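Down below is the structure, laid out as structure tokens.
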Amino acid sequence: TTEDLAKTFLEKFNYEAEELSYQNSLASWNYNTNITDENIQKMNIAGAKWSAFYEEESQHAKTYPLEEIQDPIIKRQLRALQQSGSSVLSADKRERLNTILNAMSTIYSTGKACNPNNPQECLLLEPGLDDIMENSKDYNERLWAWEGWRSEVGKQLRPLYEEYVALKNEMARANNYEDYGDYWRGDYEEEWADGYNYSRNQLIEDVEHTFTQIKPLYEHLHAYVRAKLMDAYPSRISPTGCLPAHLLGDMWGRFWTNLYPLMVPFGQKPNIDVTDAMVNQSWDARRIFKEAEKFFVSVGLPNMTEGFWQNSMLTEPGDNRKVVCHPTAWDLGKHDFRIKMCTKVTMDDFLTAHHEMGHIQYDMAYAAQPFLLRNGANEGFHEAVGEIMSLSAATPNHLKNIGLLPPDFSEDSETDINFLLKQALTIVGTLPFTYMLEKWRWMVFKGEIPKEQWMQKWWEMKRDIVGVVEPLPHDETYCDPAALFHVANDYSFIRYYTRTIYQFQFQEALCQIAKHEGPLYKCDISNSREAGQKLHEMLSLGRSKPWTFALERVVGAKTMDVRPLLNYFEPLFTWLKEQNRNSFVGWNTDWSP
Amino acid sequence: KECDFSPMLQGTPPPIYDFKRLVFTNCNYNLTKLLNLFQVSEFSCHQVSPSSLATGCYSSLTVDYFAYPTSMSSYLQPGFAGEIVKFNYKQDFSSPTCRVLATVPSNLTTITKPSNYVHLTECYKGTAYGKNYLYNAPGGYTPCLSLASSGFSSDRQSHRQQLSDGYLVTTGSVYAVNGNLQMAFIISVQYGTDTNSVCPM
Ligand SMILES: *[C@@H]1O[C@H](CO)[C@@H](O)[C@H](O)[C@H]1NC(C)=O
Ligand SMILES: *[C@@H]1O[C@H](CO)[C@@H](O)[C@H](O)[C@H]1NC(C)=O
């Protein structure tokens, strides 16, 4: 039996990969913690060996065909190894694709836009253009900042992106895939299950079926946002048309969170903030993580490990050390869990602590699995698990219990609407955009949109789906989608959609177990061990069962469902319907730009 | 006859996972002098009091001593399930016990300071189906003693031994010693059968 010759190969590979990936992770951690010239060279040296070993083992793994292995675990481990990607083209095509990807990344990372009026105002996207596009109210300043980025960087990316599409489509079709979009959608595929199967073509159906139900709430939110943006830019927005693309709160309008000060529902009730209360009680950066660990323990989850407290960097070093300020949770390998964060005494960092410790709690759960099966059920689970913790941590009851609020605090019904509206500007305000973008890319990879209709179809879709019109006409010499970080860096974008659907699917499911009475947005799962056991049962599975089975372990269903997401925003939906009686809900595609 | 406390005063103290156990029977003990030989930092007793530890005669007096910093005392606390309890040492609470921390002054040159503190983080049996973690019995030793005997050089170093149906892996974490050496004792007193001859001096 060839299954036993697969078992020994997997036994060798597990140990070799465990011993070789840990060194790469440690080198990356050392570089990200102390940025020097030796550390980066060591990081590259360690990352080359891991890639070479993985390529060799993936090539060797094809010796065992999959149609005779009967153990589901062995077959699942073998499929991950036998799945080969870019290592199928010729050497010339491979190096051409690598050069194109590197050129696109460095064009995005080192692009400047200069003021049409001031010739000494050439700004990078990160420090300057972002600052202009998130902290301005001038129509002309925002317009020039938008157009300069779209014309100086997005214009010289299209020749590269045109060859990138063909080169990636060739690689995808050299692997029994219809196109590169099918390759990307393959991350949600599950085979050889009894009733827990999932086809690549089912993802499109599920995404569209969820978007159809999402549409009305987004229409009401868009109507309210448009009606409140009129007072800030008079005689600039039509009362029945779309929204200009340069007034949305950032470069691309991915999130609407930066529009909150212009549309606060009740301006006399201030939102709950506990930074002053944390300062008054002398809260350092260690007590925040101690309280996060206490909250995680209160639901029946394990403590943090001994090495977490010794090796993690919870504060910025003072001895001139150069670090990356992005907060991350690191699965270094052999039961080594760390968190890299520059903690400040603020509410945002208090929530970020719980968000990043949820990732670490997820990594603790599947540590007793094979090396290849040590991931989330899919790409959307690992980020959805870390958001329910942040949802529970910010509730007024939790803040009262931990001691950050006076015991006599009374919950107003007007701050709830403010909180809900600020929540439905990052969550509901990004679901169309994300979806739209992916759709475009899929069509571009499918050949449905010819290379001579990219900008036309892009803006037609963004006018029809998102409801956003361009400020100036754009012919087919720009590449507007390529101006976004993920498009230029070759990253899948559907993981941000399903993440938002699982997130409220878990939270509702864990809130009925915890015996919570009232609206879902006020739910707290703390001091409920029964709700923690149910979560841990799914967390411990890892990538060892189909994600449909893992999802059913918690929510009781196999399919993505959007009803909990609409149940979360029910009071806000009622308020939005109440406030939109004297306005028009909906937009007009080809009308006033 | 004074009980022989020389072994803990000579040579390099052992690590936690390889703790040294000495059984005292039929001797006169003066733990106060030994405590004076160090800088005592912590002293926590369960089912017994420190006054009832210095006094009172016991059938057997078991001292499990090892090297242990004071910063990791909270991880040795009863009930907390972590790496130390799971893979290094699980204190046995069926009988009254005492956990004593101390600090060796630099004038005591009879004891050699080890390079680092070492404790086991993982000790598991690895098949192709994943990992099966082996947990310490209360009062016993770890299954990975023979494999860990070779010692560890760097942080998170792993040793593997092939078996008939897979392998056995152990992992060690290393932290250097800075300052006066700290070392811990677990003292267990037995009342059961054989003569309360372990008596104070
Ligand atoms: C970076 O800092 C660490 C400790 O902060 C130090 O051990 C290391 O040597 C530094 N990097 C270089 C290249 O010296
Ligand atoms: C977690 O650690 C605390 C010590 O702060 C302890 O009281 C508690 O019992 C521990 N819980 C678990 C599940 O290990």
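Labels for the structure tokens follow display order: chains A, B, ..., residues from 1 in each chain, ligands from 1.
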
Test item: residues no farther than 10 Å from ligand 1, counting only C-alpha atoms and all ligand atoms, as a list in words: residues 30, 31, 32, 33, 34, 35, 36, 37, 38, 39, 40, 42, 317, 319, 320, 321, 322 and 323 of chain A

Each residue of chain A with at least one atom at most 8 Å from chain B should appear once, together with its nearest atom pair and the corresponding distance in Å (one decimal); atoms considered: only C-alpha atoms; ordering: chain, then increasing residue number; output as a tab-separated table.
residue	atom	partner	partner_atom	distance
A:7	CA	B:128	CA	6.0
A:8	CA	B:128	CA	7.4
A:10	CA	B:128	CA	5.9
A:11	CA	B:128	CA	4.8
A:14	CA	B:128	CA	7.5
A:73	CA	B:129	CA	7.1
A:74	CA	B:129	CA	7.7
A:303	CA	B:82	CA	7.8
A:305	CA	B:82	CA	6.3
A:306	CA	B:83	CA	6.7
A:334	CA	B:156	CA	7.6
A:335	CA	B:122	CA	7.5
A:367	CA	B:131	CA	8.0
A:368	CA	B:131	CA	4.6
A:369	CA	B:130	CA	4.3
A:370	CA	B:130	CA	4.2
A:371	CA	B:130	CA	7.6

Kindly export the residues of the current selection with C-alpha atoms, as a PDB file, in the first residue's frame.
ATOM      1  CA  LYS A   7       3.062   8.334   5.927  1.00  0.00           C
ATOM      2  CA  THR A   8       6.849   8.071   6.264  1.00  0.00           C
ATOM      3  CA  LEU A  10       4.990  13.089   5.710  1.00  0.00           C
ATOM      4  CA  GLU A  11       6.715  12.146   8.977  1.00  0.00           C
ATOM      5  CA  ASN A  14       6.835  17.521   9.169  1.00  0.00           C
ATOM      6  CA  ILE A  73      -5.934  13.558   6.836  1.00  0.00           C
ATOM      7  CA  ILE A  74      -3.120  12.143   4.692  1.00  0.00           C
ATOM      8  CA  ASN A 303      -3.509  31.550  29.631  1.00  0.00           C
ATOM      9  CA  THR A 305       2.505  30.985  27.587  1.00  0.00           C
ATOM     10  CA  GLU A 306       5.652  31.601  29.619  1.00  0.00           C
ATOM     11  CA  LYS A 334       7.653  25.423  17.975  1.00  0.00           C
ATOM     12  CA  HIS A 335       4.930  26.641  20.355  1.00  0.00           C
ATOM     13  CA  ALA A 367      -0.679  23.670  17.645  1.00  0.00           C
ATOM     14  CA  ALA A 368      -1.113  19.867  17.876  1.00  0.00           C
ATOM     15  CA  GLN A 369      -1.798  19.422  14.139  1.00  0.00           C
ATOM     16  CA  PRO A 370       0.455  18.490  11.205  1.00  0.00           C
ATOM     17  CA  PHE A 371       2.633  21.266   9.830  1.00  0.00           C
TER      18      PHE A 371
END

Which residues, written as number ranges by chain, have at least one atom at most 10 Å from segment 376-390 of chain A, with only C-alpha atoms counted and residues fewer than 6 positions away on the same chain left out? A: 187-189, 292, 295-296, 350-363, 366, 492, 494-508, 510, 524-526, 535, 538-551

Give the helix (DSSP H, G or I) residues of segment 441-507 of chain A, as assigned by DSSP on the backbone, as JSON, numbers by chain. {"A": [441, 442, 443, 444, 445, 446, 454, 455, 456, 457, 458, 459, 460, 461, 462, 463, 464, 465, 466, 481, 482, 483, 485, 486, 487, 488, 495, 496, 497, 498, 499, 500, 501, 502, 503, 504, 505, 506, 507]}

Output for the residues just chosen: C-alpha atoms as a compact mmCIF listing (two decimals), in the first residue's frame:
# COMPACT_ATOMS: atom_id res chain seq x y z
CA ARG A 441 -10.56 41.46 -11.65
CA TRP A 442 -12.40 38.20 -12.24
CA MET A 443 -13.83 39.47 -15.51
CA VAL A 444 -10.43 40.85 -16.53
CA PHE A 445 -8.93 37.42 -15.93
CA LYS A 446 -11.82 35.65 -17.66
CA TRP A 454 -10.76 48.22 -18.88
CA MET A 455 -11.36 51.81 -17.76
CA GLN A 456 -14.82 51.99 -19.32
CA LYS A 457 -16.00 48.84 -17.54
CA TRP A 458 -14.23 49.87 -14.32
CA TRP A 459 -16.05 53.19 -14.09
CA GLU A 460 -19.35 51.76 -15.33
CA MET A 461 -19.24 49.14 -12.57
CA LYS A 462 -18.17 51.63 -9.90
CA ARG A 463 -21.07 53.87 -10.94
CA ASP A 464 -23.58 51.00 -11.00
CA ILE A 465 -22.53 48.93 -7.97
CA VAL A 466 -20.70 51.21 -5.54
CA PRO A 481 -7.48 49.61 -10.10
CA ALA A 482 -3.68 49.25 -10.12
CA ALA A 483 -3.43 52.36 -7.91
CA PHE A 485 -2.02 48.43 -2.85
CA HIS A 486 -3.45 44.93 -3.24
CA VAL A 487 -3.91 45.11 -7.02
CA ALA A 488 -0.33 46.24 -7.64
CA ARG A 495 -10.84 37.50 1.97
CA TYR A 496 -12.02 40.93 3.14
CA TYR A 497 -15.62 40.14 2.12
CA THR A 498 -16.17 36.70 3.66
CA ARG A 499 -14.31 37.92 6.76
CA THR A 500 -17.12 40.42 7.34
CA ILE A 501 -19.78 37.72 6.94
CA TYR A 502 -18.26 35.07 9.21
CA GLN A 503 -17.55 37.73 11.83
CA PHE A 504 -21.21 38.37 12.64
CA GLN A 505 -22.08 34.71 12.06
CA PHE A 506 -19.84 33.64 14.95
CA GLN A 507 -20.80 36.48 17.29

Pick out the residues sitting within 8 Å of segment 53-57 of chain B, and hand them over as a list in words; count only C-alpha atoms, and ignore anything fewer than 2 positions along from it in its own chain.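 Here the answer would be residues 30, 31, 32, 48, 49, 50, 51, 59, 196, 197, 198, 199 and 200 of chain B.
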
Contacts of residue 534 of chain A within 10 Å, only C-alpha atoms, excl. fewer than 6 positions in-chain, as a PyMOL selection string: chain A and resi 509-510+513+553-555

For the selection just defined, write its residues with C-alpha atoms to a file, as a compact mmCIF listing (two decimals), in the first residue's frame.
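And here's result_32.txt as it stands now:
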# COMPACT_ATOMS: atom_id res chain seq x y z
CA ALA A 509 -23.96 32.02 17.48
CA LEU A 510 -21.86 32.56 20.60
CA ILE A 513 -25.14 30.18 23.96
CA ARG A 553 -19.39 23.21 14.42
CA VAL A 554 -20.24 26.70 15.73
CA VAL A 555 -23.11 28.26 13.78

Of the candidates B:23, B:86, B:33, B:69, which shows the shortest atom-to-atom distance to ligand 2, using only C-alpha atoms and all ligand atoms? B:86

Check which residues of chain A sit at most 8 Å from ligand 2 using only C-alpha atoms and all ligand atoms, and return one row each with the closest pair of atoms and their distance in Å to one decimal, ordered by chain and rising number, as JSON lines.
{"residue": "A:294", "atom": "CA", "partner": "ligand 2", "partner_atom_place_in_ligand_line": "5 (O)", "distance": 7.8}
{"residue": "A:297", "atom": "CA", "partner": "ligand 2", "partner_atom_place_in_ligand_line": "13 (C)", "distance": 6.2}
{"residue": "A:300", "atom": "CA", "partner": "ligand 2", "partner_atom_place_in_ligand_line": "13 (C)", "distance": 6.7}
{"residue": "A:301", "atom": "CA", "partner": "ligand 2", "partner_atom_place_in_ligand_line": "13 (C)", "distance": 6.4}
{"residue": "A:302", "atom": "CA", "partner": "ligand 2", "partner_atom_place_in_ligand_line": "13 (C)", "distance": 4.6}
{"residue": "A:303", "atom": "CA", "partner": "ligand 2", "partner_atom_place_in_ligand_line": "1 (C)", "distance": 4.8}
{"residue": "A:304", "atom": "CA", "partner": "ligand 2", "partner_atom_place_in_ligand_line": "1 (C)", "distance": 7.8}

Suppose you want the space between atom CA of residue 245 of chain A and atom CA of residue 119 of chain A; what is it in Å? 24.7 Å

I want to know what sits within 8 Å of segment 158-164 of chain A, based on only C-alpha atoms, with residues of the same chain fewer than 6 positions away left out; could you give that as a list in words?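 Selected residues are residues 97, 100, 101, 104, 451, 477, 478, 479 and 482 of chain A.
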
Go ahead and dump the residues you just picked, C-alpha atoms, as a PDB file, in the first residue's frame.
ATOM      1  CA  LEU A  97       6.897  37.568 -14.295  1.00  0.00           C
ATOM      2  CA  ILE A 100       7.179  42.599 -13.735  1.00  0.00           C
ATOM      3  CA  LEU A 101       5.918  42.012 -10.192  1.00  0.00           C
ATOM      4  CA  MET A 104       4.992  47.112 -10.196  1.00  0.00           C
ATOM      5  CA  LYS A 451      -7.958  45.036 -22.931  1.00  0.00           C
ATOM      6  CA  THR A 477      -4.349  55.214 -20.744  1.00  0.00           C
ATOM      7  CA  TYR A 478      -4.671  54.979 -16.943  1.00  0.00           C
ATOM      8  CA  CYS A 479      -4.987  51.911 -14.720  1.00  0.00           C
ATOM      9  CA  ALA A 482      -3.681  49.253 -10.124  1.00  0.00           C
TER      10      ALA A 482
END

Could you name the residues that touch residue 471 of chain A at 8 Å or less, counting only C-alpha atoms, but leaving out those on the same chain fewer than 3 positions away, as a ChimeraX atom specification? /A:143,244-246,593

Pick out each residue of segment 7-199 of chain B that DSSP on the backbone tags as strand (DSSP E); I need them as an MDAnalysis selection string. chainID B and resid 20:24 27:29 43:46 60:67 97:103 116:127 130:133 157:163 166:176 182:190 198:199

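Take the candidates A:153, A:342, A:78, A:191 and check each one against residue 105 of chain A using only C-alpha atoms; the shortest distance goes to A:153.
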
Provide the atom CA of residue 183 of chain A to atom CA of residue 491 of chain A distance in Å, to one decimal place. 12.3 Å

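Between atom CA of residue 391 of chain A and atom CA of residue 324 of chain A lies a distance of 26.1 Å.
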
Selected residue, from B:65, B:191, B:43, B:5, that lies nearest to residue 28 of chain B when counting only C-alpha atoms: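 Distance minimum relative to residue 28 of chain B lands on B:5.
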